[PDB]
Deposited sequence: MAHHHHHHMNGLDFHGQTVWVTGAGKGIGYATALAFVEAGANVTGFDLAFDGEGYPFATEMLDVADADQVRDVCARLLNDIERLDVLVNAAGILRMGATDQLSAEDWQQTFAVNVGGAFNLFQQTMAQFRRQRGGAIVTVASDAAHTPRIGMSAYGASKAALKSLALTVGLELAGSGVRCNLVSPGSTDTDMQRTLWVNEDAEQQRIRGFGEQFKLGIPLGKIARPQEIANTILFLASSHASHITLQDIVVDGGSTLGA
């Protein structure tokens, strides 16, 4: 998959799946800009922009400055997200509000500031990282899953709005992936693969959890010309755990 001479923006690029994705686009030849609240690495193989995607004002300013200098935004990837766990009636009011401000509002803010660019240029691809928790209820993750189901719906309607401009808009829904967000919760991995029948959580038929590169490669496929007739789709990347749900 050859992205030479394409401008690619990736949110959540300071680490994890967002980092892996931005690096994969660099490895594919793209001119990559990463966006994140914090870049704690000593060096990044791409341009980096400090941005709190939940802050509508900050997103308008950064997008306006950058969009001045580029003719074309070839790929937007929304991968910024936070995970706040809890029984629904124990989750704090801050955890609720921040979950939705970031996981839905972030993409909303980026969409509000980039859709005109996508309409003007007449093409491009958007890939949004949802989650398997948007596909199946998960004990402890009611808010997280709800925010990711709202993100998915928003991205699909934005895809429908932009389809007349030739823009393709798709999603990837990872299952458990080896990143910082997952390590916070070391037999945990084998037990995830096995499942928790007591929590109605299916094991992983493929017998392993995901690598961030395995999510990245799916994003690149959907962003690429190989997927030139794919839009409004959501690929679950989870070793079969949701059984196709």
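**Student:** Numbering from 1, run down the deposited sequence and write out every stretch that has no C-alpha in the structure.
**Tutor:** Absent from the structure are positions 1-11, 197-199.
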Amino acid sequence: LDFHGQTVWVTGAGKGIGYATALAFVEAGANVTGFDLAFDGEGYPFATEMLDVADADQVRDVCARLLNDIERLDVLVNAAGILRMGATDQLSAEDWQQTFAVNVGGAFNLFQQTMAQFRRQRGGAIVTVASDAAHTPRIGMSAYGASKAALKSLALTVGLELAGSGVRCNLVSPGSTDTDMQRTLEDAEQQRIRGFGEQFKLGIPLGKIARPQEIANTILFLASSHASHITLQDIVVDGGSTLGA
From here on, numbers count along this sequence of modelled residues.
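Only the largest set of C-alpha atoms that superpose within 1.5 Å between the two forms is called the rigid core.
**Student:** Could you check whether 205-213 or 29-37 drifts more from the shown form in 6 other deposited structures of this protein, using RMS Cα distance once the core is superposed?
**Tutor:** Relative to the shown form, the greater RMS C-alpha distance in 6 other deposited structures of this protein belongs to 205-213.
**Student:** Look at the other compared PDB entries that model both sides of residue 184, then say whether a third or more of them leave it out.
**Tutor:** Yes: coordinates for residue 184 absent from at least a third of the compared entries.
**Student:** Among other entries of this protein with both neighbours modelled, does residue 195 go without coordinates in a third or more of them?
**Tutor:** Yes, residue 195 lacks coordinates in at least a third of the other compared entries that model both of its neighbours.
**Student:** Averaging C-alpha B-factors over each stretch, which comes out higher, 145-153 or 120-128?
**Tutor:** Taking the mean B-factor of the alpha carbons in each, 120-128 is higher.
**Student:** Averaging the C-alpha B factors as listed in the entry, name the stretch that ends up higher: 214-222 or 173-181.
**Tutor:** Mean C-alpha B-factor is greater for 173-181.
**Student:** Looking at the C-alpha B-factor of residue 73, is it in the lowest, middle or highest third of its chain?
**Tutor:** Its C-alpha B-factor, which the entry lists for residue 73, ranks in the middle third among residues of this chain.
**Student:** Going by the CA temperature factor in the PDB record, which third of the chain does residue 166 belong to: lowest, middle or highest?
**Tutor:** Its C-alpha B-factor, which the entry lists for residue 166, ranks in the middle third among residues of this chain.
**Student:** Please place residue 98 in the lowest, middle or highest third of its chain by C-alpha B factor as given in the entry.
**Tutor:** Highest third, going by the recorded CA B-factors of the chain.
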